[PDB]
Amino acid sequence: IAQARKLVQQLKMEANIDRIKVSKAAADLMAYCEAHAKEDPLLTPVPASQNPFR
Amino acid sequence: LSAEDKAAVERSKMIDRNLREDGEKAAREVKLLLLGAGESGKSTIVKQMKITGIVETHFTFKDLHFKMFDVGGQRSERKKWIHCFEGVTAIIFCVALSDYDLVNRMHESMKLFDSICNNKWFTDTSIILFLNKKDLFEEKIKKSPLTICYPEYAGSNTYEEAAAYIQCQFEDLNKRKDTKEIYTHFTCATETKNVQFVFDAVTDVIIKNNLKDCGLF
Amino acid sequence: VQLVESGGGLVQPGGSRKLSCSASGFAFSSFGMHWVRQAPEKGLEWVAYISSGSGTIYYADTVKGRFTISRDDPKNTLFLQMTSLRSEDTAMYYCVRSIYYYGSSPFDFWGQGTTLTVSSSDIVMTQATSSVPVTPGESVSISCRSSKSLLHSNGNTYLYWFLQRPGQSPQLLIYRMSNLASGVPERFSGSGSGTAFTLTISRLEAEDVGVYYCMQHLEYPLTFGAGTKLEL
Amino acid sequence: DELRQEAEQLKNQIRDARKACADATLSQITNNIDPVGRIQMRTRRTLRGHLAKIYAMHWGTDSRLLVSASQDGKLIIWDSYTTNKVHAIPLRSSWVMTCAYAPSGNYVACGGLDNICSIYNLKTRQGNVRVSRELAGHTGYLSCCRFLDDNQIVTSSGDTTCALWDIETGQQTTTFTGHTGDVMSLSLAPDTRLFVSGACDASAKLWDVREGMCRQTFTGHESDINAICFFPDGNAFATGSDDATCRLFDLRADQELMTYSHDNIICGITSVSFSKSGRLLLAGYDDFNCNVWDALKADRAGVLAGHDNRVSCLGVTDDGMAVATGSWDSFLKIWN
Amino acid sequence: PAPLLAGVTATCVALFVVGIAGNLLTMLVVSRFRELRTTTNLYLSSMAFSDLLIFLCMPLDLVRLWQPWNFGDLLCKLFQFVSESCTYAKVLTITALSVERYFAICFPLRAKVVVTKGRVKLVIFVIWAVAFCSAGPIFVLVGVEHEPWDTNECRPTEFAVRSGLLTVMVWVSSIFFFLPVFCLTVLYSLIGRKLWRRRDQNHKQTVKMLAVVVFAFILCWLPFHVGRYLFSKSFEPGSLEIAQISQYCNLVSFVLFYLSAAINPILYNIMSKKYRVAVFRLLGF
Ligand SMILES: CC(C)(N)C(=O)N[C@H](COCc1ccccc1)C(=O)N1CCC2(CC1)CN(S(C)(=O)=O)c1ccccc12
Ligand SMILES: CC(C)CCC[C@@H](C)[C@H]1CC[C@H]2[C@@H]3CC=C4C[C@@H](O)CC[C@]4(C)[C@H]3CC[C@]12C
């Protein structure tokens, strides 16, 4: 009963937050992935000249 | 192609030498996972052996180094850390014979024994089963019938029969009788007999593991 | 950390001596150890090296055959047995600890040195200057020049800068040409490329005066520069 | 039972408020983008020093050194470019199931069934690694730890709580108590003002280390969450669970974006990590191999299948050059 | 010297394929899997190497069966050196495996304390050194000697026949039969005596396995050692009719010598389930 009034307050604090649309957060994630696409050695396989693991 | 990388490689090789020596030293230890459904029984056997999380008891019997890990202080999910003990030499399971009238408690001991014996991590790890408080179950059955725990048990309530019934009720819990053995000892008053039984059970487990290592079994 | 050297003294030319180095306050077993001499009014000269675990031993070509370096770890002692001593082995011998792993700082601690007085393809590191006058507050640059290029294929350049203050053992300032040793104030900065190297003191103090030595650790024998001294 | 039902009446409105923001799925958005190629990483290095199962590893911020903990009682620090063992720390307790490497590189951390977070100093005036500190507040097994700086560390434990310590005094300056199950994984935000913790109550929680409170709870999974990791942006994270499914949660959208699962995979995930760009999601499975997922399209991009036992730990370098997988077969493999 | 060789040659090359597949597999299985370095398959890896070279030396042996060979010079020394040295290394490895089994079974705790896998590597080196030094004088006793050049043989040169070199090396080689049989028999009888006194149906299986190992050793090796004694007797005394038994015993002894190397990998790892799991793991199945 004492911790249930804590769960109620926690849910009240997690309920009254502002949320952006998923079409907006997904667009930002996609834009971040596209911006830093080049500086990703695992995505774009870097040539062996500057690959420290050979 | 190396300037002072040679000295780093030499240091790495010395570290490898030390790691191999430590591994060889640790491979000579006998690790025993001590389990049970209450410290009332487990606490009396650590006193038998030579002298906050996991509690490791290191002792030596007949020039053999045993490390026995008591993990009853982990009030967490057992399934999340039990696989850490996959390569343990044996499991020492302690149940009290006098909790056949308490609370239901013997049934929880069976629940834990069945859950441990039939894990996917302990398919080959044999179990040493200690039936503690032999002297309390001795005079409880005179004034407390065993059927309070075993309604289907039809027999005299003499110690020699009622104790064997519990022993079979525990040894009938493993669903894999062709990969592991249950060594059962009725924990006695004598100081050296329990550790002698553990020594004998570990000698068999070592012999049967060697037979598997040599490809003969 | 402490290295105490003993055994030096007056010797006859042809005799023999045994220098010992008692270590204290560090894991002597994990550190490779060097003997480095310094002749009277001359610069540092590397004598011998024994690795951790005694698995690798190197000597200077001027002492190979005569000197033998040994190590007894359980009592934390380093030995240099010097036979057939000749009149140009008279020097002060320093016991130097040196640990080698990735990012380590070798040659970081030097012993206080013991004086021996014997009675009556190498990389040439060049310090063109020999002495420059300085005033506290101003900056100064000490230039070193190597015959071979100290830059290695693994990327790091093996140049070490040491400072020997008047009446004291040498102190490591910079290791591998750009890294400040622990406890060294940030006034010192090491730069350079391949064969030409510079040490810069941003602002002189009364405790930067002394002789500055550059050493190559690219390959054995380890060679030092002639040493150039800052002076007020 | 008024205040015992106002709780799920708030839960209903949380769900209804985060369903009004679900207008288009991440699949619908990233549909037109080109799929990644075939991600075929060859193993470049094999580290062969541990004698028991490896439970955790962590890269250094210099992308060269890495620490790994094994239940042989060892904490080995490797130079991954040369496979050289820089250090080998013997632990007071062999039952280690986590390790962290400080961003400065001066310290390492370890912990496990001993309920202790041991902080080891790597750079001492002597030549050995010394036990700098022992943090002894948790009452359940310590499953993860992450350095904020040289003085602060956040640990997750099996007592269903997380903790923020200060190493100098050895006391925990903050305790994070929201979970109802064992907290199994922990990930620090890139700015280290927030961190996510995934627990056995099938939920992840977003905590802030300053005010020490839970801000959001994410409850998409069906089983225990074993791994967690922020997107490199810091505005999203990915969880891996025992239900053979990884999935992506967004902090700002306060819900789930994508589910990474396959019919052929029925095994739990032990470790999760992101590529440097965040386009690839690296998930270590306990079917002995790791999967590389297209994080934006949920497509399975590749497989890393060089281990003979469970892949227990996974980590991508800070420059994104390589990915290290440590497995229960006592081997660490660098892939590139 | 009949045309029958056209069938046993096919059996010999099938034995080659089976033994190579069983021996190369063992080494790359032991190397890959950490738990398969259990100081029993280390000896098995060494014996797999020995059987591998034996089979590599085999093709030079096959051609001689047919009937005057100019096949080489110093081919007889490095042929009959690596081959016989390997017969010695594999029989000494079998002896070592017997002692390791005896130590690990009859003295399990003392073996747990004593055998540290550091001394085992040293035992392997000692075994190889003894095999090489015992197969040393093969450099001398056998060369080539025609009685034109078209009638030469890969034979022990008549220097050994006139002297006491060939008939003493027969004894030296028969040591490598008598010592191992007299060690496997006694140690595997002691192991069986312990197990029956310790007494399960599983122990019956172990007794059967060790009896099969002893029987296979006696079957593969005594016919060889006897035929080796059977020739090197026709030379100096000049046997008249014994030469009829001499050649046939050595064709039979020849196919059992290679059958030994073929079945060695599948005689010590057939019932090791941990080995089977890794075998299936490493290949597709
Ligand atoms: C390496 C190996 C396995 N090849 C080998 O043992 N070589 C021995 C040489 O060892 C040296 C040695 C000899 C004697 C005692 C001690 C050591 C050899 O020189 N031998 C084998 C017998 C054979 C050919 C001649 C076989 N046969 S036959 C029917 O062709 O198969 C056949 C018939 C008649 C006469 C002779 C022979
Ligand atoms: C050409 C031939 C005749 C040369 C002789 C090669 C022999 C001496 C060598 C080649 C490969 C070697 C083996 C390779 C690896 C191992 C594993 C380790 O536990 C050491 C022993 C052991 C088992 C070696 C024993 C000796 C060995 C068999």
# chains A, B, ... in the order shown; residues from 1 in each chain; ligands from 1
call {"tool": "interface_residues", "arguments": {"of": "chain E", "to": "chain D", "cutoff": "12 Å", "atoms": "only C-alpha atoms", "output": "ChimeraX atom specification"}}
result
/E:29,31-37,277-278,280-282
call {"tool": "interface_residues", "arguments": {"of": "chain B", "to": "chain D", "cutoff": "7 Å", "atoms": "only C-alpha atoms", "output": "mmCIF file with N, CA, C and O atoms, in the first residue's frame"}}
result
data_model
loop_
_atom_site.group_PDB
_atom_site.id
_atom_site.type_symbol
_atom_site.label_atom_id
_atom_site.label_comp_id
_atom_site.auth_asym_id
_atom_site.auth_seq_id
_atom_site.Cartn_x
_atom_site.Cartn_y
_atom_site.Cartn_z
ATOM 1 N N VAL B 9 56.106 -8.644 -26.611
ATOM 2 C CA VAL B 9 55.788 -10.035 -26.917
ATOM 3 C C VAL B 9 56.358 -10.960 -25.850
ATOM 4 O O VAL B 9 55.718 -11.939 -25.451
ATOM 5 N N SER B 12 54.118 -10.735 -22.906
ATOM 6 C CA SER B 12 52.905 -11.494 -23.184
ATOM 7 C C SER B 12 53.131 -12.991 -23.031
ATOM 8 O O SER B 12 52.267 -13.696 -22.500
ATOM 9 N N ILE B 15 53.250 -13.799 -19.392
ATOM 10 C CA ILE B 15 51.880 -13.817 -18.891
ATOM 11 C C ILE B 15 51.190 -15.118 -19.276
ATOM 12 O O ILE B 15 50.444 -15.697 -18.481
ATOM 13 N N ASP B 16 51.423 -15.595 -20.500
ATOM 14 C CA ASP B 16 50.870 -16.880 -20.921
ATOM 15 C C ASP B 16 51.390 -18.021 -20.062
ATOM 16 O O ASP B 16 50.629 -18.925 -19.701
ATOM 17 N N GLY B 23 46.164 -22.253 -14.517
ATOM 18 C CA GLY B 23 45.165 -23.181 -14.998
ATOM 19 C C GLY B 23 45.448 -24.610 -14.591
ATOM 20 O O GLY B 23 44.537 -25.339 -14.190
ATOM 21 N N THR B 52 26.223 -11.951 1.609
ATOM 22 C CA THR B 52 27.455 -11.386 1.075
ATOM 23 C C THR B 52 27.809 -12.014 -0.269
ATOM 24 O O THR B 52 28.876 -11.751 -0.825
ATOM 25 N N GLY B 53 26.907 -12.845 -0.783
ATOM 26 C CA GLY B 53 27.107 -13.473 -2.073
ATOM 27 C C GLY B 53 27.495 -14.928 -1.969
ATOM 28 O O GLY B 53 26.951 -15.666 -1.144
ATOM 29 N N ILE B 54 28.428 -15.350 -2.802
ATOM 30 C CA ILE B 54 28.925 -16.717 -2.748
ATOM 31 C C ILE B 54 29.941 -16.833 -1.621
ATOM 32 O O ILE B 54 30.696 -15.898 -1.332
ATOM 33 N N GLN B 74 22.447 -15.929 -2.262
ATOM 34 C CA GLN B 74 22.007 -15.275 -3.491
ATOM 35 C C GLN B 74 20.492 -15.411 -3.574
ATOM 36 O O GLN B 74 19.966 -16.403 -4.076
ATOM 37 N N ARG B 75 19.784 -14.402 -3.073
ATOM 38 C CA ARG B 75 18.323 -14.378 -3.147
ATOM 39 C C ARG B 75 17.871 -13.742 -4.463
ATOM 40 O O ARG B 75 17.059 -12.820 -4.506
ATOM 41 N N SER B 76 18.419 -14.273 -5.554
ATOM 42 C CA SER B 76 18.156 -13.793 -6.902
ATOM 43 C C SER B 76 17.579 -14.934 -7.726
ATOM 44 O O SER B 76 17.328 -16.030 -7.218
#
call {"tool": "interface_residues", "arguments": {"of": "chain B", "to": "chain E", "cutoff": "8 Å", "atoms": "only C-alpha atoms", "output": "MDAnalysis selection string"}}
result
chainID B and resid 24 28 64 203 206:207 210:217
call {"tool": "write_last_selection", "arguments": {"atoms": "C-alpha atoms", "output": "mmCIF file, in the first residue's frame"}}
result
data_model
loop_
_atom_site.group_PDB
_atom_site.id
_atom_site.type_symbol
_atom_site.label_atom_id
_atom_site.label_comp_id
_atom_site.auth_asym_id
_atom_site.auth_seq_id
_atom_site.Cartn_x
_atom_site.Cartn_y
_atom_site.Cartn_z
ATOM 1 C CA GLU B 24 47.084 -26.356 -14.228
ATOM 2 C CA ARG B 28 43.696 -30.078 -9.627
ATOM 3 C CA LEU B 64 43.075 -33.359 -2.088
ATOM 4 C CA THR B 203 36.881 -40.448 -6.224
ATOM 5 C CA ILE B 206 36.871 -38.572 -10.955
ATOM 6 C CA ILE B 207 37.226 -42.203 -12.054
ATOM 7 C CA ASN B 210 38.630 -40.222 -16.519
ATOM 8 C CA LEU B 211 36.957 -43.206 -18.187
ATOM 9 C CA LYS B 212 35.120 -40.703 -20.396
ATOM 10 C CA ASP B 213 38.297 -38.712 -21.078
ATOM 11 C CA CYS B 214 40.207 -41.851 -22.112
ATOM 12 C CA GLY B 215 37.401 -42.796 -24.502
ATOM 13 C CA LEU B 216 36.559 -46.009 -22.640
ATOM 14 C CA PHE B 217 33.124 -44.861 -21.460
#
call {"tool": "residues_near_ligand", "arguments": {"ligand": "ligand 1", "cutoff": "9 Å", "atoms": "only C-alpha atoms and all ligand atoms", "output": "ChimeraX atom specification"}}
result
/E:1,54,57-58,60-62,64-67,76,79-87,135,137-138,141-142,154-156,165-174,224-225,227-232,234,243,246-255,257
call {"tool": "interface_residues", "arguments": {"of": "chain D", "to": "chain C", "cutoff": "7 Å", "atoms": "only C-alpha atoms", "output": "PyMOL selection string"}}
result
chain D and resi 86+126-128
call {"tool": "residues_near_ligand", "arguments": {"ligand": "ligand 2", "cutoff": "10 Å", "atoms": "only C-alpha atoms and all ligand atoms", "output": "PyMOL selection string"}}
result
chain E and resi 27+30-31+37+39+41-50+52-54+78+81-83+85-86+89+117-129+131-132
call {"tool": "closest_residue", "arguments": {"among": "C:81, C:12, C:157, C:117", "to": "chain B", "atoms": "only C-alpha atoms"}}
result
C:157
call {"tool": "interface_residues", "arguments": {"of": "chain D", "to": "chain A", "cutoff": "8 Å", "atoms": "only C-alpha atoms", "output": "PDB file with N, CA and C atoms, in the first residue's frame"}}
result
ATOM      1  N   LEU D   3      -6.417   3.301  -5.135  1.00  0.00           N
ATOM      2  CA  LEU D   3      -5.072   3.606  -5.602  1.00  0.00           C
ATOM      3  C   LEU D   3      -4.349   2.388  -6.160  1.00  0.00           C
ATOM      4  N   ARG D   4      -4.902   1.188  -5.999  1.00  0.00           N
ATOM      5  CA  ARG D   4      -4.359   0.014  -6.665  1.00  0.00           C
ATOM      6  C   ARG D   4      -4.904  -0.170  -8.074  1.00  0.00           C
ATOM      7  N   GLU D   6      -6.069   2.961  -9.875  1.00  0.00           N
ATOM      8  CA  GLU D   6      -5.634   4.174 -10.555  1.00  0.00           C
ATOM      9  C   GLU D   6      -4.297   3.962 -11.252  1.00  0.00           C
ATOM     10  N   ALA D   7      -3.488   3.013 -10.775  1.00  0.00           N
ATOM     11  CA  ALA D   7      -2.236   2.700 -11.451  1.00  0.00           C
ATOM     12  C   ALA D   7      -2.451   2.175 -12.866  1.00  0.00           C
ATOM     13  N   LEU D  10      -3.844   4.915 -15.095  1.00  0.00           N
ATOM     14  CA  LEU D  10      -2.749   5.682 -15.686  1.00  0.00           C
ATOM     15  C   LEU D  10      -2.023   4.907 -16.776  1.00  0.00           C
ATOM     16  N   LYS D  11      -1.849   3.600 -16.603  1.00  0.00           N
ATOM     17  CA  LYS D  11      -1.236   2.791 -17.651  1.00  0.00           C
ATOM     18  C   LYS D  11      -2.042   2.806 -18.943  1.00  0.00           C
ATOM     19  N   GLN D  13      -3.952   5.244 -20.049  1.00  0.00           N
ATOM     20  CA  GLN D  13      -3.762   6.520 -20.723  1.00  0.00           C
ATOM     21  C   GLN D  13      -2.340   6.714 -21.230  1.00  0.00           C
ATOM     22  N   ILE D  14      -1.337   6.104 -20.593  1.00  0.00           N
ATOM     23  CA  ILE D  14       0.002   6.096 -21.177  1.00  0.00           C
ATOM     24  C   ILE D  14      -0.015   5.372 -22.516  1.00  0.00           C
ATOM     25  N   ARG D  18       0.698   7.151 -26.151  1.00  0.00           N
ATOM     26  CA  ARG D  18       1.794   6.737 -27.013  1.00  0.00           C
ATOM     27  C   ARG D  18       1.319   5.930 -28.213  1.00  0.00           C
ATOM     28  N   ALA D  20      -1.298   7.430 -29.948  1.00  0.00           N
ATOM     29  CA  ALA D  20      -1.650   8.549 -30.811  1.00  0.00           C
ATOM     30  C   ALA D  20      -0.448   9.079 -31.579  1.00  0.00           C
ATOM     31  N   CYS D  21       0.764   8.773 -31.124  1.00  0.00           N
ATOM     32  CA  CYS D  21       1.981   9.152 -31.824  1.00  0.00           C
ATOM     33  C   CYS D  21       2.445   8.095 -32.811  1.00  0.00           C
ATOM     34  N   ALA D  22       1.764   6.954 -32.877  1.00  0.00           N
ATOM     35  CA  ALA D  22       2.108   5.890 -33.817  1.00  0.00           C
ATOM     36  C   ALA D  22       1.310   6.117 -35.092  1.00  0.00           C
ATOM     37  N   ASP D  23       1.818   7.004 -35.945  1.00  0.00           N
ATOM     38  CA  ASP D  23       1.182   7.307 -37.221  1.00  0.00           C
ATOM     39  C   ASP D  23       1.784   6.538 -38.385  1.00  0.00           C
ATOM     40  N   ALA D  24       3.092   6.298 -38.364  1.00  0.00           N
ATOM     41  CA  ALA D  24       3.751   5.505 -39.389  1.00  0.00           C
ATOM     42  C   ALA D  24       4.876   4.720 -38.737  1.00  0.00           C
ATOM     43  N   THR D  25       5.052   3.480 -39.178  1.00  0.00           N
ATOM     44  CA  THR D  25       6.046   2.597 -38.595  1.00  0.00           C
ATOM     45  C   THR D  25       7.420   2.894 -39.192  1.00  0.00           C
ATOM     46  N   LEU D  26       8.467   2.508 -38.458  1.00  0.00           N
ATOM     47  CA  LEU D  26       9.822   2.643 -38.976  1.00  0.00           C
ATOM     48  C   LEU D  26      10.014   1.872 -40.274  1.00  0.00           C
ATOM     49  N   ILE D  29       8.676   4.042 -43.039  1.00  0.00           N
ATOM     50  CA  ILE D  29       9.512   5.208 -43.299  1.00  0.00           C
ATOM     51  C   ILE D  29      10.767   4.808 -44.064  1.00  0.00           C
ATOM     52  N   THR D  30      11.472   3.786 -43.579  1.00  0.00           N
ATOM     53  CA  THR D  30      12.716   3.329 -44.182  1.00  0.00           C
ATOM     54  C   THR D  30      12.492   2.281 -45.260  1.00  0.00           C
ATOM     55  N   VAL D  36      21.289  -2.589 -47.059  1.00  0.00           N
ATOM     56  CA  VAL D  36      22.731  -2.751 -46.943  1.00  0.00           C
ATOM     57  C   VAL D  36      23.127  -3.963 -47.771  1.00  0.00           C
ATOM     58  N   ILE D  39      26.732  -8.319 -45.398  1.00  0.00           N
ATOM     59  CA  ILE D  39      27.730  -7.931 -44.409  1.00  0.00           C
ATOM     60  C   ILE D  39      28.540  -9.178 -44.073  1.00  0.00           C
ATOM     61  N   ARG D  44      39.693 -11.519 -37.992  1.00  0.00           N
ATOM     62  CA  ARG D  44      41.045 -11.015 -38.170  1.00  0.00           C
ATOM     63  C   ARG D  44      41.972 -11.405 -37.035  1.00  0.00           C
ATOM     64  N   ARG D  45      41.460 -11.447 -35.810  1.00  0.00           N
ATOM     65  CA  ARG D  45      42.253 -11.779 -34.642  1.00  0.00           C
ATOM     66  C   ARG D  45      41.513 -12.803 -33.799  1.00  0.00           C
ATOM     67  N   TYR D  81      45.645  -5.119 -31.597  1.00  0.00           N
ATOM     68  CA  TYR D  81      46.354  -5.018 -32.867  1.00  0.00           C
ATOM     69  C   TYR D  81      47.410  -6.102 -33.013  1.00  0.00           C
ATOM     70  N   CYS D 214      13.419   7.472 -12.480  1.00  0.00           N
ATOM     71  CA  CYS D 214      13.028   6.830 -13.726  1.00  0.00           C
ATOM     72  C   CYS D 214      12.125   7.767 -14.514  1.00  0.00           C
ATOM     73  N   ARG D 215      12.445   7.963 -15.789  1.00  0.00           N
ATOM     74  CA  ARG D 215      11.665   8.836 -16.656  1.00  0.00           C
ATOM     75  C   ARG D 215      10.688   8.080 -17.540  1.00  0.00           C
ATOM     76  N   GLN D 216      11.111   6.963 -18.126  1.00  0.00           N
ATOM     77  CA  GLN D 216      10.273   6.200 -19.036  1.00  0.00           C
ATOM     78  C   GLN D 216      10.490   4.715 -18.805  1.00  0.00           C
ATOM     79  N   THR D 217       9.441   3.935 -19.042  1.00  0.00           N
ATOM     80  CA  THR D 217       9.503   2.484 -18.971  1.00  0.00           C
ATOM     81  C   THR D 217       9.047   1.905 -20.302  1.00  0.00           C
ATOM     82  N   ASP D 233      23.099   7.986 -31.762  1.00  0.00           N
ATOM     83  CA  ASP D 233      22.502   9.303 -31.585  1.00  0.00           C
ATOM     84  C   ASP D 233      22.229   9.603 -30.119  1.00  0.00           C
ATOM     85  N   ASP D 250      12.428   4.052 -28.953  1.00  0.00           N
ATOM     86  CA  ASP D 250      12.774   5.457 -29.089  1.00  0.00           C
ATOM     87  C   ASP D 250      12.380   6.214 -27.829  1.00  0.00           C
ATOM     88  N   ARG D 252      12.154   9.652 -27.398  1.00  0.00           N
ATOM     89  CA  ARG D 252      11.244  10.766 -27.629  1.00  0.00           C
ATOM     90  C   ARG D 252       9.848  10.286 -28.007  1.00  0.00           C
ATOM     91  N   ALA D 253       9.754   9.263 -28.855  1.00  0.00           N
ATOM     92  CA  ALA D 253       8.464   8.681 -29.195  1.00  0.00           C
ATOM     93  C   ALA D 253       7.897   7.824 -28.075  1.00  0.00           C
ATOM     94  N   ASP D 254       8.730   7.418 -27.114  1.00  0.00           N
ATOM     95  CA  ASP D 254       8.292   6.700 -25.920  1.00  0.00           C
ATOM     96  C   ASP D 254       7.628   5.370 -26.258  1.00  0.00           C
ATOM     97  N   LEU D 257       9.975   0.918 -31.995  1.00  0.00           N
ATOM     98  CA  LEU D 257      10.034   1.225 -33.417  1.00  0.00           C
ATOM     99  C   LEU D 257      10.116  -0.015 -34.294  1.00  0.00           C
ATOM    100  N   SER D 275      26.495  -0.543 -34.647  1.00  0.00           N
ATOM    101  CA  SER D 275      27.585  -0.063 -35.479  1.00  0.00           C
ATOM    102  C   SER D 275      27.827   1.417 -35.193  1.00  0.00           C
ATOM    103  N   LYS D 276      28.946   1.943 -35.695  1.00  0.00           N
ATOM    104  CA  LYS D 276      29.279   3.341 -35.434  1.00  0.00           C
ATOM    105  C   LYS D 276      28.229   4.287 -35.999  1.00  0.00           C
ATOM    106  N   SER D 277      27.719   4.002 -37.196  1.00  0.00           N
ATOM    107  CA  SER D 277      26.653   4.804 -37.775  1.00  0.00           C
ATOM    108  C   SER D 277      25.285   4.461 -37.206  1.00  0.00           C
ATOM    109  N   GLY D 278      25.162   3.332 -36.516  1.00  0.00           N
ATOM    110  CA  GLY D 278      23.882   2.864 -36.041  1.00  0.00           C
ATOM    111  C   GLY D 278      23.051   2.135 -37.071  1.00  0.00           C
ATOM    112  N   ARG D 279      23.554   1.975 -38.294  1.00  0.00           N
ATOM    113  CA  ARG D 279      22.796   1.297 -39.337  1.00  0.00           C
ATOM    114  C   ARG D 279      22.778  -0.210 -39.137  1.00  0.00           C
ATOM    115  N   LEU D 280      23.801  -0.764 -38.500  1.00  0.00           N
ATOM    116  CA  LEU D 280      23.891  -2.193 -38.253  1.00  0.00           C
ATOM    117  C   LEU D 280      23.724  -2.458 -36.766  1.00  0.00           C
ATOM    118  N   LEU D 296      17.588  -0.266 -39.678  1.00  0.00           N
ATOM    119  CA  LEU D 296      16.523   0.564 -40.219  1.00  0.00           C
ATOM    120  C   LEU D 296      15.474  -0.223 -40.987  1.00  0.00           C
ATOM    121  N   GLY D 320      34.532   2.338 -34.715  1.00  0.00           N
ATOM    122  CA  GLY D 320      33.745   1.486 -35.580  1.00  0.00           C
ATOM    123  C   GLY D 320      34.542   0.604 -36.503  1.00  0.00           C
ATOM    124  N   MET D 321      35.827   0.395 -36.221  1.00  0.00           N
ATOM    125  CA  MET D 321      36.666  -0.373 -37.131  1.00  0.00           C
ATOM    126  C   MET D 321      36.459  -1.874 -36.999  1.00  0.00           C
ATOM    127  N   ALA D 322      36.157  -2.368 -35.803  1.00  0.00           N
ATOM    128  CA  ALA D 322      36.077  -3.804 -35.592  1.00  0.00           C
ATOM    129  C   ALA D 322      35.031  -4.108 -34.536  1.00  0.00           C
ATOM    130  N   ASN D 336      36.046  -7.825 -38.816  1.00  0.00           N
ATOM    131  CA  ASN D 336      36.208  -6.589 -39.560  1.00  0.00           C
ATOM    132  C   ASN D 336      35.814  -6.796 -41.016  1.00  0.00           C
TER     133      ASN D 336
END
call {"tool": "residues_around", "arguments": {"residues": "residue 110 in chain C", "least_positions_apart": "2", "cutoff": "10 Å", "atoms": "only C-alpha atoms", "output": "list in words"}}
result
residues 1, 2, 3, 4, 33, 34, 35, 36, 94, 95, 96, 97, 98, 107, 108, 112, 113, 168, 169, 170, 171 and 172 of chain C
call {"tool": "interface_residues", "arguments": {"of": "chain B", "to": "chain C", "cutoff": "10 Å", "atoms": "only C-alpha atoms", "output": "PyMOL selection string"}}
result
chain B and resi 1-12+14
call {"tool": "residues_around", "arguments": {"residues": "residue 105 in chain B", "least_positions_apart": "3", "cutoff": "12 Å", "atoms": "only C-alpha atoms", "output": "PyMOL selection string"}}
result
chain B and resi 36-38+95-102+108-112+148-149
